[PDB]
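In the structure tokens that follow, a single protein chain appears in two forms: structure 1, then structure 2.
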Structure 1
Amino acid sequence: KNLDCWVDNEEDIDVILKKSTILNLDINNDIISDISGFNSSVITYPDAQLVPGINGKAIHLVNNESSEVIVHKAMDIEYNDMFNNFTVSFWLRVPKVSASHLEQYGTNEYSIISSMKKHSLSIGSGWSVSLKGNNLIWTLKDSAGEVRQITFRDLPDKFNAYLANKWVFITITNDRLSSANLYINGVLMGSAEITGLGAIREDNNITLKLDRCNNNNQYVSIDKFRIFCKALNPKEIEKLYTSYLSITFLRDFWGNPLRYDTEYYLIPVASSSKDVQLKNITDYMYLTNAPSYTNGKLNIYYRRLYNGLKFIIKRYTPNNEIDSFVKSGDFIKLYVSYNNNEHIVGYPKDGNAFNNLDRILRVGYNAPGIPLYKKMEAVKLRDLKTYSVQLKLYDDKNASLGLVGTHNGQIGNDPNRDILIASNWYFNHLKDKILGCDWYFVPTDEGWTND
């Protein structure tokens, strides 16, 4: 018998998952508690705040001694990790670090989560999760003081990286016979042999807090903090990852829930370096290259954000008391905000259409008495793991005018352009890996500022 816990029946993955869970932090009605089944006190200090999460509110930590969350483990699950296998998982959101902060604070390692033995004059064995610039570190120290680490260096392209302001899922497995393995969003990101380490008792406390960080602006966000009593297999890591990916409220680009009456810049997943722009009022919209920021000495670059048109989302039919969140299947109206005026986005009756099937959207098209088709459904049709959205346009008899996307061509006498359209064409390509109808909604956020 080895180190993974209770073994009986070969059952569902979902069963194994629950039956090997030893701590599980959920947040409900603003209380942070453990729902694993065991009880473990969770003490929330005065300055540990709460923010929009992946499936409810999540824990937010700033850089002062008041911003902390501690779990005292129950006397049942208090040994476990001494010579045993274990797995740690959590969702994490770390803002994008400015080029000044990297110049200044890039070599500064500091803890965010840990459980390491509290001694009279020192600190002993256990584990820690920490960060250093744009690197994510996992650390193990045994009783003899021997150390093994996993250091993951994030991607230089910040529009696509894991440590640059979107929600990402972290999972870390430990097999005291082969290895420590780090995964991000279900994909093995690095590893380390831990054969030869001895005892790893752990402190009776698990501390969530910023420790030894020299930057008083740094902050992180953490959610569903969870511990298993075994080393999870790749299959199980995956079912755990998507179990959180409920479909009901849509998501903006950072992976927070989508909202009505708030400004968003659109970016097509298929060409993430173009922004959307406007020909003229009553006219159409087309794509253009976004300006970029690059800094080879710091090892960083990205397409810049916040240029283009600002879109706003309104309930097709007015609410009554209701939430501000947009669910999938929700029918909305889509406006463009330009020159202190809001113009509706839509398609008219016998308006221009590449090959009479791809209808070219117009912004604020007004006319005598000419039907302007604007009813849209905002849904998630594909690619669960990506914070993207699809828009379906209807006409006045509830027929499909199709999905919002783009098609290349050339109007009047402007130059060739990728122009915005609606067509039922996408409906036959839904299984492609990349597809021109997937869109990102991007709001201004304090965690991403352009250099």
Structure 2
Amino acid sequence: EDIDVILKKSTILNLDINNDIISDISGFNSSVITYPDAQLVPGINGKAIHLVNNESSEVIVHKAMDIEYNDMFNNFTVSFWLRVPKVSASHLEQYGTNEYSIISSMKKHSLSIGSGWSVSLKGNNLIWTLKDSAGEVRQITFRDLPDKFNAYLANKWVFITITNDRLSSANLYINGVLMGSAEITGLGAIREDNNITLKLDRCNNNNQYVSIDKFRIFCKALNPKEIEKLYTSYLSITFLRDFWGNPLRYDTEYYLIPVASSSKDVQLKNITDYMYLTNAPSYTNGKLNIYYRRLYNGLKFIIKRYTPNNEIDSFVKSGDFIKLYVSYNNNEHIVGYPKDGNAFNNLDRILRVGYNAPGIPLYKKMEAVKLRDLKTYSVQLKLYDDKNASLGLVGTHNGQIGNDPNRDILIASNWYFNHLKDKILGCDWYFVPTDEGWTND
């Protein structure tokens, strides 16, 4: 009756990565065989599986005796975190009709039937297929969003869950939201392979890769409440995340984008002066129906540790004290607020980059925190003065400095602390590192 108990009780396969080894921690003891080129990369809470396009890049799960035919006639749910690189326009043209499996229970080397289930990709479509012993087929074809900044198969970690209720439908959820469904009555016995294979199969693109984490099978069709809890159970609040959902790191260049105005990049007026938002350039392709604000323009920021601690972790944790720098012309400039510096009426402190007036204290101690919006990969930054008093969360204020044009200028303000329950808030930032999974067309 308790969701956590149900989730635990109904789990019959649960891949975890501990001590750089992948194994089933469900309790069923299914044997996991990791081939030489199955790689391990940063995940949602630890490390994740990374598959490249060669036959040595595979993880095979040998179903234990107890779970052999659990999905022959009974309800089941498959869940996993997934990360797929953004498909280039060129690759959509070349490979858009090429459907390839990434996860499957379908045999194929002894019986040409291929009964069982599969997770496959085709261009920007995510597909779930169930095939019974007579070859009857049912599929859910999810067409991803055209806006790649907000799409699910566009280089961010996203949580997949597909429930199969044999008396009604199969439902596909992404980040706890229902994205597609198919009636599945009319299917008989699903007689699948003894192995569950994580591998790119029939992918014509040599450079394709995918990342998968927390692969889990449940012996029931989970309801929305159970799925929502399952999804949010993976969002460990201690460790901060970059835009892609990977751990935020010290000493790495990040482009900042305000969650509240995601079409905007950050720009610097001049060294020693303020920062403001600018409209990002855009990419649109009417033929392919893809578009997105372009990434990687604007200021490059770097997070540095404020002090040592007791051990040097490369990831940033909520609560960590940091120093924020902008990397400009290969020179690094600290971000902060000068004592008595220009501020808007309400005490919104105007941030300055590389400020160096002799004798004037520059407040630059910040704290990297996660105070709201658990499901989004964003962070807040809290600025302090020299006596550890809060100067506020970093955000923007609309106005003018001197005779400059009206701008959304970066500030620190304690106003945000009274509005943390709001749906959208101007103190939320995405930290975007350049990544091979996202190249602007």
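Note that the rigid core is defined as the largest set of C-alphas that superpose within 1.5 Å between two forms. Along the sequence of structure 1, residues get numbers from 1 upward. Only residues modelled in both forms are compared.
Student: Which is the one residue in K310, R148, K117, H101 whose C-alpha moves 2 Å or more between the two structures, relative to the superposed rigid core?
Tutor: Single residue meeting the criterion: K117.
Student: Under a superposition restricted to the rigid core, does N319 display a Cα displacement of 2 angstroms or more between the two structures?
Tutor: The answer is yes, as the C-alpha of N319 shifts between the two structures by 2 Å or more after core alignment.
Student: With both forms fitted on the core, how large is the C-alpha shift of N340 between the two structures in Å?
Tutor: On core superposition, this C-alpha lies 2.0 Å from its counterpart.
Student: Mind pulling the C-alpha shift for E202 between the two structures, with the rigid core superposed, in Å?
Tutor: Here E202 registers a C-alpha shift of 2.1 Å.
Student: Could you check how much the CA of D418 shifts between the two structures after a rigid core fit, in angstrom?
Tutor: So the C-alpha of this residue moves 0.5 Å.
Student: Do any runs of 3 or more residues shift their CA by 2 Å or more between the two structures on a core fit, and if so, which ones, in sequence order?
Tutor: Runs 117-121, 318-321 stand out as displaced between the two structures - each at least 3 residues long.
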